[PDB]
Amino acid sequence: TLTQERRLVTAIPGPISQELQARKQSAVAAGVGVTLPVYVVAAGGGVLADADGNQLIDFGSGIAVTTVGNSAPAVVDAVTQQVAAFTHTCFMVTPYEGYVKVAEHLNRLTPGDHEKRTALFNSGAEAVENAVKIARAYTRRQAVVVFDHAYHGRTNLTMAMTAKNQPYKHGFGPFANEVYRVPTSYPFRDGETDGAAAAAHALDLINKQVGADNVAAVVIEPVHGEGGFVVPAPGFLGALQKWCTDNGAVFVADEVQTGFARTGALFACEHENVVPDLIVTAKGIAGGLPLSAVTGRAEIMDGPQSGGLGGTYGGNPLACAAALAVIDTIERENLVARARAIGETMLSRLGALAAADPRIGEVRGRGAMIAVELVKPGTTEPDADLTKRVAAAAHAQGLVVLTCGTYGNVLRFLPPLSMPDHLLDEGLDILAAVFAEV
């Protein structure tokens, strides 16, 4: 019930948003920084409508969360029905069928034929924490291996596991220990197209410095998200999986950002036929509502004793109902193929921008998870400055585009799969205009 149309009625942000921001600055901790202070009142399809009557094109999905669309009809109906029945029971006090059905679908849909079990929580960070807890409990080992460019969350442990100090970790430690980091595969920067070769180097550091028998878990994102939409070279994730099986360590795919159709497969692990021991999901899973999950090999998942896993809110009834509608909408609207169509278009348009603008060092990603890295032309020297100039101009023309990167020089595109063709095209036109302006 909102027109799929870009609309700038005021300056961005407009007067009502600026008043709301003054309120924010008086009521809310400074640490909660706001990228684009336009205050949202409705959203759907490919549009965010703000308090001043503006409609902006959404190339963010709330950081890859509203993959099925903001207030997707099936989600709305399901949440509206669930909230009238009950809001919360604590599943561990008195359970409910929604939790159990979400677990069944996850067990069914994630990679591999083997027997699987699931546990539900609220946030990504919490699901990662729980993946580590499951692995230590099953293996009775201590060490967790993580990678360069990794991002896993804002709890103490998930901050330990995250690579970048500023601003995720700065001043918040000391950090949970027996966490060891080794290089990832980042071909633009490491010069190595062969993932098997890059994995050998990572695995040698694990063998020599950590000890294969001391490793509970090897934890990696299939595409490093906040780290710059960095995609390991083919062979890399596969060689980590084999090492884990061989040495009795639990291989954990962190699919918090890549899961649920985002990459042109239902899960990113599918791209290379990777079957992980555990898989962490969140963001896209419940179309906006707070839900996260750990799914994996039954025997590993069953490692922790009864009552050893939990949390008060986890697998909240409204969130499960929303997750079931998300799963149905993915199947019903074939959004996995829609993610592939969107990527074809974005890679084509961005490839053509890069062909004529050498400030784009690389275009990378798949499906609806695409990025450009901005550098000094012909080099790998980062240009964070240009990147902030580009985002600021793009926001000013009503396009919501996000930045990331270990070096602050990556522009990422996470459109919802409900984005209409004509708005995807217009958003890309705006991007071209901006690179022509700046």
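Residue numbers here begin at 1 and follow the sequence given.
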| item | value |
| --- | --- |
| Between the two ranges 19-27 and 6-14, the one averaging a larger CA B factor in the entry | 6-14 |
| 117-125 set against 186-194, stretch whose average Cα temperature factor tops the other in the entry | 186-194 |
| Selection from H88, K164, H201, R181 [criterion: highest C-alpha temperature factor in the record] | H201 |
| Out of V294, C269, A143, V146, highest CA B-factor residue | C269 |
| Third of chain Cα B-factors occupied by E373 | lowest |
| Entry-reported Cα temperature factor of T139, expressed as the chain third it lands in | lowest |
| Among modelled residues of the same chain, the CA temperature factor third for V434 | lowest |
| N316 CA temperature factor, ranked by third within the chain | lowest |
| Third of chain Cα B-factors occupied by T387 | middle |
